[PDB]
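Asks: Sharing a structure with you now.
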Amino acid sequence: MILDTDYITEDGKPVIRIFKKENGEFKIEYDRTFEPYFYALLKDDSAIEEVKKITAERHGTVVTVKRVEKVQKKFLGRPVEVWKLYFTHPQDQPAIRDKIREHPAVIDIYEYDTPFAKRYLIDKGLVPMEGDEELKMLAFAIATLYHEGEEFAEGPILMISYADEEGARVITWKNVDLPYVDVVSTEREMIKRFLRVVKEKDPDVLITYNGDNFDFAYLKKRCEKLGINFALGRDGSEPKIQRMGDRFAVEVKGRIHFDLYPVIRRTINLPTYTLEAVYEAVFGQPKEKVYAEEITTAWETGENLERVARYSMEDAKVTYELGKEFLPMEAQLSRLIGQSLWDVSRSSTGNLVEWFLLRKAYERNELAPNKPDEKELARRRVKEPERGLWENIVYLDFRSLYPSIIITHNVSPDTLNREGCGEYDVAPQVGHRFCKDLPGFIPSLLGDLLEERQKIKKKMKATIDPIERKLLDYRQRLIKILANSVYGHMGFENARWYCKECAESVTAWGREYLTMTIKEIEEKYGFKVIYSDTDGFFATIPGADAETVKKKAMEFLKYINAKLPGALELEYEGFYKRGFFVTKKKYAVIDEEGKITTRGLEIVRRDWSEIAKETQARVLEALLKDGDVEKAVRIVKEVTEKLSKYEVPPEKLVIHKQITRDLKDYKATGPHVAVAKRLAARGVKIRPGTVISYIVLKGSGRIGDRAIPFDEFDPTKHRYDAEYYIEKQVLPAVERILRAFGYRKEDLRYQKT
Ligand SMILES: [Mg+2]
Ligand SMILES: [Mg+2]
Ligand SMILES: [Mg+2]
Ligand SMILES: [Mg+2]
Ligand SMILES: [Mg+2]
Ligand SMILES: [Mg+2]
Ligand SMILES: [Mg+2]
Ligand SMILES: [Mg+2]
Ligand SMILES: [Mg+2]
Ligand code: NA
Ligand code: NA
C-alpha cells in the first residue's frame with residue numbers, strides 16, 4: 001500500500017521516494033528515472049530552437065531547458081501539437097517558466113506548477129491507500145507550562161501523552177502516582193522517552209489535534225533548546241513544516257501525520273472546536289477540560305497533578321478514538337482522489353476536484369487548461385409550498401440530477417459551441433449548444449464514476465464482512481459527492497475546467513426537467529404537488545387512500561422515466577402519512593410507522609429552555625400524529641397559562657450559555673454575561689468555556705440585571721418571569737410552525753395583564 005511520495009535531490013537530480021507498507025513492513029522504493037516537465041504551445045515550430053536556448057538562474061546556477069519533444073494531446077476537444085519541455089530539477093520550473101512564457105514565439109505554457117511528487121503519482125497511475133494492509137496508528141498530545149506574557153514555548157513541556165490500541169499513557173518529570181504514568185527525571189528525558197516509544201511502536205500514522213500548529217512547533221523549540229535530535233521520520237529526519245497558506249502543516253517522513261483539526265472543522269459545524277466540544281459532538285459524552293492556569297498552578301504547588309495527568313491521558317485517548325473514527329473515510333477519499341492522505345486531509349473540496357480531474361486528464365491525454373490569471377478571475381465574478389396539512393404524501397426525486405444532465409446533454413467546456421458538429425443539444429433559456437458527436441471530457445469521466453458507484457452497490461449486497469461493506473459504502477458515498485463536486489467545479493471562478501455556460505445550462509435544464517415532471521404528474525395523473533425544491537417534490541392525490549397514491553405513483557414513475565431522456569431518472573424516495581410545509585427548506589413529515597422527520601424548524605440550541613423545546617415537540621406531534629391544529633393551539637395556550645400560574649418546574653426554565661471572551665472584553669451580549677460578572681465579582685473563576693446556567697426573574701430592568709444562576713433559585717422566595725418565558729421562549733419556538741396555519745403569536749396566549 002502506498003502511503004506517501006516525495007523527492008530528495010541527489011547530485012542536483014530528483015530522486016522520487018515512494019513510501020510503502022507491504023506485508024506488514026515499511027519499505028522505501030526509489031525512482032531516479034522521472035523527469036520534471038511542462039508544455040508550451042508555439043506560434044512557429046521553428047522557434048523551438050530559440051526557446052530551447054532560454055535560460056534562467058536559480059541560486060547561483062544556470063537553469064536550462066534539458067530537452068524537448070513534440071507531442072500530440074487533446075485541447076478543447078481537438079488534437080493539438082504541443083512541445084514537452086523537460087528540466088533537470090523540479091525547482092527549475094518556477095525559475096524559467098516566466099522567461100519561456102515571455103518569449104514572443106510562445107503562446108502559452110501549461111501544467112507548469114504541479115508539485116513533482118504529485119505529478120509522479122498521476123503519471124505512473126499509482127494510487128495511495130490501496131490494498132488490504134492495516135495501518136498502525138498512534139495518537140499523542142502534550143501539556144505545557146504556560147505563563148501569560150511569555151514567548152511561545154518559553155516554558156517546558158510538562159507531560160507527553162500517547163494512545164494506541166494497547167491503552168493510553170502519560171510521560172512526565174514530576175511524580176504522579178497513577179497506573180498509566182511513567183515518571184522520568186527531566187523534560188529532556190521525557191521527550192527522549194517519547195521518541196523511544198514512537199520508534200519502538202513504529203506507527204504508520206501519528207494522530208494529533210492541532211499538531212500542525214501547536215504540538216510539533218512546541219516540541220521543535222524545546223528540542224532546539226535542549227539539543228535533541230527529534231528524529232521522528234522513518235528515514236531519521238525531523239518533522240518538516242509546510243506553509244499551508246495562512247498557517248502551517250507538518251509532515252513526518254515515512255509516516256502520515258493526520259491532524260484531526262482540519263478534517264473535523266470541515267466535516268462538522270460547531271461553535272467551538274476545542275477537543276472537548278468535538279469529542280462530545282462525535283461520541284455524545286462530555287470530556288472535562290483542565291485549563292492552562294490550573295495546569296501551571298498544579299505544577300507549581302505540586303497539588304492536583306493527578307488531575308493534570310488524567311486530562312493528559314484523556315487528550316491522547318480521545319484523539320486516538322477520533323482518529324479511529326475519521327481516518328478510514330479520509331483514506332477512502334485519498335484512494336478515490338489519487339493523492340496522499342496527508343494532502344487530502346488538509347485540502348479544500350476545490351483542490352481535491354482539480355487533483356481528480358488532473359489525473360483523468362492525464363489518463364485521457366487531455367492538456368489541462370490553466371488556472372485563471374487575475375484579469376480572468378475578475379471576469380468570472382422560488383415558489384412557496386402549499387399551506388395546510390396534507391396526507392398520503394410521496395416524495396419523488398431525481399437520481400444525481402446535475403451529473404445526469406451533464407452526461408445526457410454532453411455538457412463540457414470542450415463540447416460548448418463546437419463548430420461543424422452534426423448534432424447538438426440546446427440549453428433552455430440560456431441557449432448554449434453542446435456538441436453530441438464526441439463525448440466530452442466531463443461527461444465521460446462522470447459516466448464512469450456513476451457506473452462504478454452502481455458496481456460498488458452491487459458488490460455491497462454480495463458481501464457479508466460488514467467491515468468490507470462499510471469501506472465499500474464509504475467509496476460509493478464519496479463518488480456521489482465527487483460527481484456533484486465536479487458539477488460545482490464548472491461554476492467556480494478559480495477552477496481549471498471552469499465553464500460558466502456549462503454551469504448555467506445544467507441548472508436551466510434542471511429547472512426544465514423538474515417543472516415538466518411536475519406538470520405531467522398533475523395533468524396526467526391527478527396529483528397535486530405540494531412542495532418542490534431543485535431535484536424533488538412531495539405530492540399526493542387529494543382524497544385518495546395510501547395504496548392508491550402508491551400505485552399511481554409507481555405508474556407515473558414508469559411513464560415519466562420512459563419519457564425522460566438518457567440518464568435522467570425520477571425515483572420513489574418515500575411515503576408519509578402526513579406533513580406540512582412552511583416554506584422553502586422548512587417542513588415536517590411523519591411516516592407510516594410514526595417516525596417524524598423535520599427540516600428547518602426544530603429548536604436545537606441550549607439557548608432554548610426545556611419548556612420551549614418540549615412545547616414545540618408537542619405541537620409537532622399534534623399536527624403530524626393527530627392532524628389536529630386546534631389541539632396544537634390548545635397546548636400552547638395551556639403552557640403559557642401554566643407559566644403565568646408559576647406551575648412550570650424551574651428546571652424547565654434553565655438557559656445555558658457559554659462564556660466566549662473575558663467578561664471585560666465583552667459585547668454586553670446578554671444576561672449570561674451579567675450573571676457571569678456578578679459571579680466573577682464574588683470571586684468565582686469565570687473563563688472562556690465556563691457555562692452559565694440561569695433563570696430569568698420577574699421585575700424591571702434588562703433580563704441581565706434580573707437573571708440569576710440556577711443553583712441559587714429557590715421557589716419559596718423567587719418568582720420566575722412568566723412573561724419572558726412566554727414571549728421570548730415558548731411563543732417564538734412555535735410561531736413559525738403555527739404561522740403556516742394562520743396564527744399569530746398573540747393568538748396563542750391569554751391576554752396580558
Ligand atoms: Mg496537545
Ligand atoms: Mg520507527
Ligand atoms: Mg505545530
Ligand atoms: Mg527526509
Ligand atoms: Mg490532517
Ligand atoms: Mg475509495
Ligand atoms: Mg490525482
Ligand atoms: Mg435520489
Ligand atoms: Mg410543553
Ligand atoms: Na490514474
Ligand atoms: Na445528424
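Ordering of the C-alpha cells sets the chain letters (A, B, ...); residue numbers start at 1 within each chain; ligands are numbered from 1 in the order shown.
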Show me which residues are within 9 Å of ligand 1 counting only C-alpha atoms and all ligand atoms, and format the list as a CSV table (one decimal) with N, CA, C and O atoms, in the first residue's frame.

Replies:
chain,number,residue,atom,x,y,z
A,140,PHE,N,-1.0,11.3,20.0
A,140,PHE,CA,-0.2,11.9,21.1
A,140,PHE,C,-0.7,13.3,21.3
A,140,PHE,O,-1.3,13.9,20.4
A,141,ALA,N,-0.4,13.8,22.5
A,141,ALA,CA,-0.8,15.1,22.9
A,141,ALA,C,0.3,15.5,23.9
A,141,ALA,O,1.1,14.7,24.5
A,142,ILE,N,0.4,16.8,24.2
A,142,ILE,CA,1.2,17.4,25.3
A,142,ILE,C,0.5,18.4,26.1
A,142,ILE,O,-0.6,18.9,25.8
A,143,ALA,N,1.1,18.6,27.3
A,143,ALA,CA,0.7,19.7,28.2
A,143,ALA,C,1.9,20.5,28.7
A,143,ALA,O,2.9,19.9,28.9
A,144,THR,N,1.7,21.8,28.6
A,144,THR,CA,2.9,22.7,28.8
A,144,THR,C,2.7,23.6,30.0
A,144,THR,O,1.6,23.7,30.6
A,160,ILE,N,3.8,14.4,28.2
A,160,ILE,CA,3.5,13.9,26.8
A,160,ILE,C,2.7,12.7,26.9
A,160,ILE,O,3.2,11.7,27.5
A,161,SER,N,1.5,12.7,26.4
A,161,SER,CA,0.6,11.5,26.4
A,161,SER,C,0.5,10.9,25.0
A,161,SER,O,0.7,11.6,24.0
A,208,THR,N,-2.7,13.8,15.7
A,208,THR,CA,-2.8,14.9,16.7
A,208,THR,C,-4.2,15.6,16.5
A,208,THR,O,-5.0,15.3,15.6
A,209,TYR,N,-4.4,16.6,17.4
A,209,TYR,CA,-5.4,17.6,17.3
A,209,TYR,C,-4.8,18.9,17.4
A,209,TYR,O,-4.4,19.4,18.4
A,210,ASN,N,-4.6,19.6,16.2
A,210,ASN,CA,-4.0,20.9,16.1
A,210,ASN,C,-2.5,20.7,16.2
A,210,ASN,O,-1.8,21.7,16.3
A,211,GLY,N,-1.9,19.5,16.0
A,211,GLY,CA,-0.5,19.4,15.9
A,211,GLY,C,0.2,20.1,14.8
A,211,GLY,O,1.4,20.4,14.9
A,214,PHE,N,0.5,23.6,16.8
A,214,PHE,CA,0.9,23.7,18.2
A,214,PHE,C,1.9,22.7,18.6
A,214,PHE,O,3.0,23.0,18.9
A,215,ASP,N,1.5,21.4,18.6
A,215,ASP,CA,2.3,20.4,19.3
A,215,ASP,C,3.7,20.3,18.7
A,215,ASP,O,4.7,20.3,19.5
A,312,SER,N,-4.3,14.8,30.5
A,312,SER,CA,-3.3,14.5,29.5
A,312,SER,C,-3.6,13.1,28.9
A,312,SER,O,-3.5,13.0,27.7
A,315,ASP,N,-6.8,13.5,26.6
A,315,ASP,CA,-6.4,14.1,25.4
A,315,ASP,C,-5.9,13.0,24.4
A,315,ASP,O,-6.5,12.9,23.3
A,316,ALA,N,-4.9,12.2,24.8
A,316,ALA,CA,-4.4,11.2,23.9
A,316,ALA,C,-5.4,10.2,23.6
A,316,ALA,O,-5.6,9.8,22.4

Asks: Neighbours of range 714-723 of chain A within 12 Å (only C-alpha atoms; same-chain residues fewer than 4 positions away dropped), as a PyMOL selection string?

Replies: chain A and resi 611+639-654+694-703+706-710+727-731+749-753

Asks: Which residues are close to residue 55 in chain A, i.e. within 9 Å by only C-alpha atoms, leaving aside same-chain residues fewer than 2 positions away? Reply as a PyMOL selection string.

Replies: chain A and resi 52-53+57+62-65+95-96+99-100

Asks: Mind dumping the selected residues with C-alpha atoms as a compact mmCIF listing (two decimals), in the first residue's frame?

Replies:
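Output (part-v8.txt):
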# COMPACT_ATOMS: atom_id res chain seq x y z
CA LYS A 52 15.45 25.65 -26.32
CA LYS A 53 18.15 28.21 -25.50
CA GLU A 57 19.31 31.38 -12.76
CA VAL A 62 22.22 28.44 -14.66
CA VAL A 63 18.86 26.83 -15.46
CA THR A 64 18.36 25.45 -18.97
CA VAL A 65 15.79 23.50 -20.96
CA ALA A 95 12.78 29.84 -12.21
CA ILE A 96 12.43 29.59 -16.01
CA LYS A 99 11.03 33.53 -19.22
CA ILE A 100 9.69 30.87 -21.61

Asks: Can you work out which residues are within 8 Å of ligand 9, considering only C-alpha atoms and all ligand atoms, and then hand them over as a compact mmCIF listing (two decimals) with N, CA and C atoms, in the first residue's frame?

Replies:
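Everything below was put into selection.txt:
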# COMPACT_ATOMS: atom_id res chain seq x y z
N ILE A 611 -38.76 24.04 28.41
CA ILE A 611 -40.20 24.25 28.20
C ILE A 611 -40.51 24.61 26.74
N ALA A 612 -39.63 25.41 26.11
CA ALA A 612 -39.77 25.74 24.70
C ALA A 612 -39.64 24.51 23.84
N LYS A 613 -38.57 23.74 24.04
CA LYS A 613 -38.33 22.57 23.19
C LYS A 613 -39.48 21.59 23.31
N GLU A 614 -39.90 21.36 24.55
CA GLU A 614 -40.95 20.39 24.85
C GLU A 614 -42.26 20.79 24.19
N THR A 615 -42.60 22.08 24.26
CA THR A 615 -43.85 22.56 23.70
C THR A 615 -43.83 22.41 22.18
N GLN A 616 -42.74 22.85 21.55
CA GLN A 616 -42.59 22.70 20.12
C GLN A 616 -42.75 21.25 19.71
N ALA A 617 -42.08 20.35 20.41
CA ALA A 617 -42.26 18.93 20.13
C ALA A 617 -43.74 18.54 20.21
N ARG A 618 -44.43 18.97 21.27
CA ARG A 618 -45.82 18.53 21.43
C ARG A 618 -46.71 19.08 20.30
N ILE A 635 -52.50 23.35 23.28
CA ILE A 635 -51.30 23.02 24.03
C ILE A 635 -50.53 24.27 24.36
N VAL A 636 -50.32 25.14 23.36
CA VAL A 636 -49.52 26.33 23.60
C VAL A 636 -50.18 27.21 24.65
N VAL A 639 -49.78 25.87 27.98
CA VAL A 639 -48.44 26.04 28.53
C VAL A 639 -48.27 27.46 29.05

Asks: Show me which residues line ligand 4, defined as having an atom within 7 Å of a ligand atom where only C-alpha atoms and all ligand atoms count, and present them as a PyMOL selection string.

Replies: chain A and resi 235+237+253

Asks: Which residues, written as JSON, numbers by chain, have at least one atom at most 9 Å from residue 112 in chain A, with only C-alpha atoms counted and residues fewer than 6 positions away on the same chain left out?

Replies: {"A": [37, 38, 39, 93, 94, 97]}

Asks: Please return as a list in words the residues found within 10 Å of ligand 10, counting only C-alpha atoms and all ligand atoms.

Replies: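 Residues lying within 10 Å of ligand 10: residues 121, 122, 123, 124, 125, 126, 127, 336, 337, 338, 356, 358, 359, 360, 361, 362, 363 and 364 of chain A.
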
Asks: What do you get as a VMD selection string if you pick all residues at most 6 Å from ligand 2, counting only C-alpha atoms and all ligand atoms?

Replies: chain A and resid 199 to 200 202 234

Asks: Go ahead and dump the residues you just picked, N, CA, C and O atoms, as a short mmCIF file (atom, residue, chain, number, x, y, z; two decimals), in the first residue's frame.

Replies:
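Result saved to part-v4.cif:
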data_model
loop_
_atom_site.label_atom_id
_atom_site.label_comp_id
_atom_site.auth_asym_id
_atom_site.auth_seq_id
_atom_site.Cartn_x
_atom_site.Cartn_y
_atom_site.Cartn_z
N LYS A 199 9.60 5.28 18.14
CA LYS A 199 10.50 4.46 17.34
C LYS A 199 10.18 2.98 17.54
O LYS A 199 10.17 2.20 16.59
N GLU A 200 9.89 2.58 18.76
CA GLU A 200 9.63 1.17 19.04
C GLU A 200 8.27 0.74 18.51
O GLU A 200 8.14 -0.39 18.03
N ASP A 202 6.70 2.26 16.05
CA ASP A 202 6.87 2.48 14.62
C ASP A 202 5.50 2.59 13.93
O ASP A 202 5.25 1.88 12.97
N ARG A 234 10.83 8.18 9.61
CA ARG A 234 11.36 6.83 9.48
C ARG A 234 12.70 6.78 8.75
O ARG A 234 13.35 5.73 8.77
#

Asks: Could the residues of chain A that have an atom at most 10 Å from ligand 8 be listed as a Markdown table, each with its closest atom pair and the distance in Å to one decimal, counting only C-alpha atoms and all ligand atoms and ordered by chain and ascending residue number?

Replies:
| residue | atom | partner | partner_atom_place_in_ligand_line | distance |
| --- | --- | --- | --- | --- |
| A:395 | CA | ligand 8 | 1 (Mg) | 10.0 |
| A:396 | CA | ligand 8 | 1 (Mg) | 7.9 |
| A:397 | CA | ligand 8 | 1 (Mg) | 5.3 |
| A:398 | CA | ligand 8 | 1 (Mg) | 5.0 |
| A:399 | CA | ligand 8 | 1 (Mg) | 4.0 |
| A:400 | CA | ligand 8 | 1 (Mg) | 6.4 |
| A:401 | CA | ligand 8 | 1 (Mg) | 8.2 |
| A:535 | CA | ligand 8 | 1 (Mg) | 8.3 |
| A:536 | CA | ligand 8 | 1 (Mg) | 8.2 |
| A:569 | CA | ligand 8 | 1 (Mg) | 8.6 |
| A:570 | CA | ligand 8 | 1 (Mg) | 7.3 |
| A:571 | CA | ligand 8 | 1 (Mg) | 6.1 |
| A:572 | CA | ligand 8 | 1 (Mg) | 8.0 |
| A:573 | CA | ligand 8 | 1 (Mg) | 6.8 |

Asks: At a cut-off of 9 Å and counting only C-alpha atoms and all ligand atoms, what residues surround ligand 6? Please answer as a PyMOL selection string.

Replies: chain A and resi 129-130+329-337+471-472+474-476+478-479

Asks: Quote the spacing between CA of residue 23 in chain A and CA of residue 256 in chain A in Å to one decimal place.

Replies: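 Computing it gives 18.0 Å between the two atoms.
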
Asks: Would you please work out which residue, of A:35, A:150, A:212, A:102, is nearest to ligand 3 when using only C-alpha atoms and all ligand atoms?

Replies: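 Comparing A:35, A:150, A:212, A:102 against ligand 3, the winner is A:212.
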
Asks: In Å, with one decimal, what is the gap from CA of residue 726 in chain A to CA of residue 631 in chain A?

Replies: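 Taking CA of residue 726 in chain A and CA of residue 631 in chain A, their separation equals 18.3 Å.
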